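Chemist: just to be clear, this is only the beginning of the complex, oriented as in the whole thing:
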Amino acid sequence: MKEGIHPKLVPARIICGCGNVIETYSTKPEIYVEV
Amino acid sequence: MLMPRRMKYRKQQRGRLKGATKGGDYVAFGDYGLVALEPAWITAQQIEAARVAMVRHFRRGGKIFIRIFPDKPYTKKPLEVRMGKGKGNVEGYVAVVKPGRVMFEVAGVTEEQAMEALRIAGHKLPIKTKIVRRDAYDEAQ
Amino acid sequence: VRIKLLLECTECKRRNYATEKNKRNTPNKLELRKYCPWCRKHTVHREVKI
Amino acid sequence: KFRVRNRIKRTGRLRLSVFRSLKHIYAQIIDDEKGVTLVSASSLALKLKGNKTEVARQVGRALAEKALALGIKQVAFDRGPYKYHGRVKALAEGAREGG
Amino acid sequence: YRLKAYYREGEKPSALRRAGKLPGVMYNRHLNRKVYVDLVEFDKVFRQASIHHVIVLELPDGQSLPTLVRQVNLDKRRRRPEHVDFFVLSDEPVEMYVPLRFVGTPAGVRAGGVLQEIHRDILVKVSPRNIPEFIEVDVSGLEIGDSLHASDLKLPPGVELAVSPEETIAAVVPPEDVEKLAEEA
C-alpha cells in the first residue's frame, strides 16, 4: 500500500486470556484479545 | 376468436392481397385439414364460428388446431357520417389468408367425422375450402 | 429563457466585445473569461450589461 | 485493449511501430501504407546493451543515424500502452526531432 | 422400390411439367446433374416411400441407380408436387428421418386422450449399410400430461442418433366438448 495519508502499520501482539503470545503486523500497536 | 390485446398500431392500412400462401400448407399437427381457396381476410367472428360449429357437431371430440391467427384491424367508420374528418376504427379483427394456407386441422377423430366436421366448418367460412389428408405433406418446417 | 438570459463580454483596457450567453440559475456569479478583442492578442474580458 | 488505434491518432502521417517486452526493446520506424518498415534498433536483439533505459538512449540515437542515412525526418512514437516514461531517448533527439 | 428416371437436358421446366414429367435434381459428393421422372407412378410409389423408404431409379443411360428423396418444393397455389431433390445412396452413416410407429394404448389413450404426432420422422445417423424399417415407440404406458421423447424410442442396434434428445416425439392431450361453451364466457 502506497500513498501518504495511509494510516500506516507497525507490529502488534496478542496477550490472550490464556497466555498466548502471538506476533502480528497490522494497524494498531497494542493488540491483545481472547484465544 | 382471440387476438393481441395491445399490439402496436390501433390503425393499419387495409392492403393488397394477391397470392402465395407465403408458406403454410403442410402439417406436422393434424391428420385431416382445411385449406383456403380465395385470397381474403377471414374474420375472427367467422373463425370462432367455425371453431364452434366444428367442436359443436362432434362433441367429446379430440383436439383441433389453428395454424392461423386473426391479427388484423378493420378500420370501421361510424354509421351515417360524412367523408374525410378521420378514419375507421379497431373493428373487425381478422386474419390475412391466401389460397393454399391451411386454416385448420383435426386429429383423433374418425374418417367420416373429420369429413363432415371440416365440411360444415368450411361451409360457414366466407368462401370455399379444400378437405385434405396427411401424406405428401411429409417434410417442410 | 431569461434565467439563462443574454449578456455580453467586454475587455478591460477600454471596451471591446464578443457574443455570449449565461445561466444565472446555475452557480453563475460573475465571469472573467478569457477571449480575444478586435485589437492586439488574447487578453482579459469582463462581464457586464444586458 | 489500448487499441483505440492510437495508431489512428497516428494515421495522421508516418509511423514508429514498436513494443516493449521484459528483456528486449523493439524500436522500429515504419513506412506504413504497404507497412514497409525501414529503421530498426533493439536492446540485445540488436546486440547492444542489457539495460533497457540505457539502451534506449543510445539505441534511439543509433537509430537516429540509420534514419538520417536514408533521408528521414519525422514520424510518431507508436504504442498504445506507451505511457511515455519517455525513455528520453524518446526517439526525439533520435533523428525525428520528436518533441 | 422401383421407378423410372430420365436425364435432363436443360429445356425450360414449363414444357417438362406441361407434358407429364416431374422435373427434379440429383447429386452425390460433387456430382450434381439434372433429371426428371413421370408423375403418376412416381406419386404412387412415393406414397409407399418418402424419406422413410428407399427409391430406385432405372435410367436409359445403361445405368440403374437408387436415391432417397430430399426437399420437395410445391406449387402453393392448388396444392401438389412440382419438384423433388434426390440424394444418391452410399454406405456412410447417413442422417435422415426414420418413421416412428406408435405402439400402445395406455391411460391417456383409452380414458380419452389424443396422441401428439410430433416426430414420425426423426433425425438419426444410421449407416446406409443398414436400413431401419419402422422404429417402435413404447406408448404402452402413458397418461395425459405425460409424454415420450429422447432415447425412449427404439434405437435399432444399427441406428445411432443426434437430435437433442429431449425432443418430445409424442404425448397425450385432453378432449373437448360442450365444456368449451363454459370457456366461451
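Modeler: Structure received. Numbers count the residues shown, from 1 in each chain, chains lettered A, B, ... in the order given.
Chemist: report the central residue of chain A.
Modeler: Compute the mean C-alpha point of chain A, and by Cα atoms, centre = their mean the closest residue is residue A:12, 3.0 Å away.
Chemist: okay, helices next: where are they in chain E?
Modeler: When assigned using DSSP state H, the helices of chain E occupy the ranges E:13-19, E:39-47, E:179-184.
Chemist: can you list these in CSV and add mean neighbour count and distance to chain B?
Modeler: To be clear about C-beta, it is placed using only N, CA and C from the backbone, and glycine gets the same treatment. Shown next, in CSV, are the helices of chain E (neighbours: other Cβ atoms under 10 Å in any protein chain shown; distance: least, Cβ to the nearest Cβ, whole Å):
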stretch, mean neighbour count, distance to chain B
helix E:13-19, 13, 16
helix E:39-47, 15, 6
helix E:179-184, 11, 6
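Chemist: possible to save those as JSON lines with distance to residue A:24?
Modeler: Output for the helices of chain E, formatted as JSON lines (distance: least, Cβ to Cβ, whole Å):
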{"stretch": "helix E:13-19", "distance to residue A:24": "91"}
{"stretch": "helix E:39-47", "distance to residue A:24": "87"}
{"stretch": "helix E:179-184", "distance to residue A:24": "74"}
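Chemist: coming back round to it: any idea how far the residue nearest to the centre of chain A lies from chain E?
Modeler: Note on residue A:12: its distance to chain E, by Cβ to the nearest Cβ, to the nearest Å, is 61 Å.
Chemist: run a quick neighbour tally on the residue in chain E that chain B sits nearest to.
Modeler: Residue nearest to chain B within chain E (Cβ to the nearest Cβ): residue E:114, separated by 3.8 Å. Residues near residue E:114, counting by other Cβ atoms under 10 Å in any protein chain shown, number 21.
Chemist: now residue A:27
Modeler: Around residue A:27 there are 12 other residues, counting by other Cβ under 10 Å.
Chemist: kindly provide the distance from it to residue A:2.
Modeler: Between residue A:27 and residue A:2 the computed distance is 16 Å (Cβ to Cβ, to the nearest Å).
Chemist: ok, residue E:132 next?
Modeler: Distance of residue E:132 to residue A:2, computed by Cβ to Cβ: 73 Å.
Chemist: how deep is residue A:29 tucked in, by neighbour count?
Modeler: Other residues near residue A:29 come to 10 when the count uses other Cβ under 10 Å.
Chemist: add chain F to the structure above, sequence below:
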Amino acid sequence: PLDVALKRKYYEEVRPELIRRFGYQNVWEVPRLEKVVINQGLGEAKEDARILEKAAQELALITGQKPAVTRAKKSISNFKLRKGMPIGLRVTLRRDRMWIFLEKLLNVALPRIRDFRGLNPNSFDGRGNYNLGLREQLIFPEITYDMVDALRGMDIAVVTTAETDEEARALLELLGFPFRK
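Modeler: Chain F goes in next, on the same frame as the chains above:
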C-alpha cells in the same frame, strides 16, 4: 516480504499436504492465493454525508489501509438512492497485506462471534472462491466498544487461482479456517 505466522506456515505446511494428497506436478500451476477484497456496502447512505463514510473509513483503518467508496448503479425509488453515489465500501488486499488480514482474522477475530458454530461450509463459488458475511464489526481484534454505533457486518470476498471446491477448502484448512462440519 512480511513474514507473519500463517505465511511461514504456508511456505512449509502447504507444499507437503497439498502436493502429496492432491498431486500437482507443475511448479507454478499449483493454484494458491489471490486477491482478497473486503466490502461493506450498506444502502443507508441515502445521505448522512461522508459522516456515514467516516464510519466506513474506520473499517479500512482496522486492516491498516485506506479504502475506496465505490457505490451504486441505479434509481431505486423504494429504498431511496437514485443515480448511484452512496455506500459500497471496498478495498483490495494482495500478498503480504492480505496475509496479516487473515492473520488477525483466524488468530483472534474468529474466536469471538457469539454464534460462532463453525465456518459456513456451503458458501463456495465452485471456481476457487469463497464469499461470506457476518453480523458484528467488532469481532475483529483492534476494534472495541469505543467506536461502535449499532450494527455493521461485512462481506468478505476472496478469489484464488484455485478452480474447484477441495483445493480452496483444504487451502483454507492449511491456512487456519475451521469450518462447520
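Chemist: what about the neighbour count of residue A:27 again, now that chain F is present?
Modeler: Residues near residue A:27, counting by other Cβ under 10 Å, number 21.
Chemist: count of residues packed around the closest residue to residue E:86 other than its chain neighbours?
Modeler: Nearest residue to residue E:86 in three dimensions, chain neighbours excluded: residue E:67, at 3.7 Å (Cβ to Cβ, 6 or more residues apart in numbering or on different chains). By other Cβ under 10 Å, the residues close to residue E:67 number 22.
Chemist: can you map out the helices along chain F?
Modeler: Using DSSP H, helices in chain F cover F:5-17, F:54-63, F:95-104, F:165-173.
Chemist: most tightly surrounded among those?
Modeler: Neighbour counts (mean count of other Cβ atoms under 10 Å in any protein chain shown) averaged over each of the helices of chain F peak at helix F:95-104, with a mean of 21.
Chemist: measure the residue lying closest to residue E:26 once chain neighbours are set aside to chain A for me?
Modeler: Nearest residue to residue E:26, sequence neighbours excluded (Cβ to Cβ, 6+ apart): residue E:86, at 4.2 Å. Summarising the geometry, the distance separating residue E:86 from chain A, computed by Cβ to the nearest Cβ, is 76 Å.
Chemist: can you pull the contacts of residue E:86?
Modeler: Residues in contact with residue E:86, defined by Cβ atoms under 8 Å, 6 or more residues apart in numbering or on different chains, are E:24-27, E:35, E:55, E:57, E:67-70.
Chemist: same check, this time on residue B:58
Modeler: With contacts defined as Cβ under 8 Å, 6+ apart, residue B:58 is in contact with B:109, B:113, B:117.
Chemist: ok, those residues vs chain E, which is closest?
Modeler: residue B:109 (9.2 Å).
Chemist: shouldn't that closest one be in contact with residue B:63?
Modeler: No: using Cβ atoms under 8 Å, residue B:109 makes no contact with residue B:63, being 9.8 Å away.
Chemist: separation between the residue nearest to residue E:26 and chain F?
Modeler: Per Cβ to the nearest Cβ, residue E:86 is found 52 Å from chain F.
Chemist: any idea where the helices of chain D begin and end?
Modeler: Taking DSSP H as the criterion, chain D carries its helices at D:52-69.
Chemist: chain B too?
Modeler: B:44-57, B:111-124.
Chemist: between those, which gets nearest to residue D:9?
Modeler: Across the helices of chain B, residue D:9 has its closest neighbour in helix B:44-57 (61.3 Å, Cβ to Cβ).
Chemist: can you add RNA strand G next? sequence is:
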RNA sequence: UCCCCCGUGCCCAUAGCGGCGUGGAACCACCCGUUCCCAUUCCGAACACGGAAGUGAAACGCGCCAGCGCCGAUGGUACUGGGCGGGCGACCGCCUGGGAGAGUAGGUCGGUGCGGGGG
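Modeler: The block that follows adds RNA strand G to the chains above:
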C-alpha cells in the same frame, strides 16, 4: 533461397468459439524487488523503474478434431422490367428478358505482404 519465433500489416468470420496436443536453446509471458521514475477516487493488480533463481500452468505461437458458430452451390419456385389477354370485381393466365432468399449437397477452424533475430 527456406525453418521457428518476435515487432507488423493486409483479407474481413470458410478467419470466431471450444476440446485437445506442444515450445521455450534466442524470444514472449508469468515471474522477481518495490529503494529509484511513477501512478491506483482502494490495490506494484494496472503503468511503472530496477532484476537474479525459477517456470512454460495461466498468456501466447504451431498443430489435431465441426460439436457450436460462419460460408451455401445446383435445380426449381417467389417476385419483377417490356409486351398481351382473360375476370363484375377480389383477381388469374401467356410470351421475352431479369432472377432472390428458404433449404438440400457440400464447404470451412484459416489467407497473406514488410522488418528483425537465431540455423
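Chemist: can you check the neighbour count of residue A:29 again with RNA strand G included?
Modeler: Counted with other Cβ under 10 Å, residues neighbouring residue A:29 total 11.
Chemist: that one is in contact with residue A:8, isn't it?
Modeler: No: contact status for residue A:29 versus residue A:8: not in contact, 10.1 Å apart, counting by Cβ under 8 Å.
Chemist: now the residue nearest to the centre of chain A, nearest residue through space, not along the chain?
Modeler: By the measure of Cβ to Cβ, 6+ apart, the closest residue to residue A:12 outside its immediate chain neighbours is residue A:31, 3.8 Å from it.
Chemist: got it, and residue A:11?
Modeler: Nearest residue to residue A:11 in three dimensions, chain neighbours excluded: residue A:25, at 5.2 Å (Cβ to Cβ, 6+ apart).
Chemist: tell me, how many residues neighbour that neighbour?
Modeler: When counting by other Cβ under 10 Å, one arrives at 19 neighbours for residue A:25.
Chemist: who's in contact with the one residue in chain E that gets nearest to chain A?
Modeler: Proximity of chain E to chain A (Cβ to the nearest Cβ) peaks at residue E:166, 53.7 Å away. When the contact criterion is Cβ under 8 Å, 6+ apart, the partners of residue E:166 are E:149-150.
Chemist: from residue F:12, how far off is it?
Modeler: Distance from residue E:166 to residue F:12, counting by Cβ to Cβ: 52 Å.
Chemist: and for residue B:12?
Modeler: Taking Cβ to Cβ as the criterion, residue B:12 is separated from residue F:12 by 79 Å.
Chemist: report whether the expected contact of residue B:44 with residue B:50 is present.
Modeler: No: under the contact definition of Cβ under 8 Å, residue B:44 does not touch residue B:50, with a separation of 10.4 Å.
Chemist: more neighbours: these two, which one.
Modeler: Between residue B:44 and residue B:50, counted using other Cβ under 10 Å, the more crowded position is residue B:50 (25 against 20).
Chemist: what residues does that one make contact with?
Modeler: With contacts defined as Cβ under 8 Å, 6+ apart, residue B:50 is in contact with B:103-104, B:121-122, B:124-125.
Chemist: just the buried ones from those, in PyMOL syntax?
Modeler: Typed into PyMOL, the line below selects the buried ones among those, using 16 or more other Cβ atoms under 10 Å in any protein chain shown:
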select buried, chain B and resi 103+104+121+122+125
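Chemist: residues touching residue A:28, list them.
Modeler: Contacts of residue A:28 were listed using Cβ under 8 Å, 6+ apart, and they are A:12, F:62, F:142.
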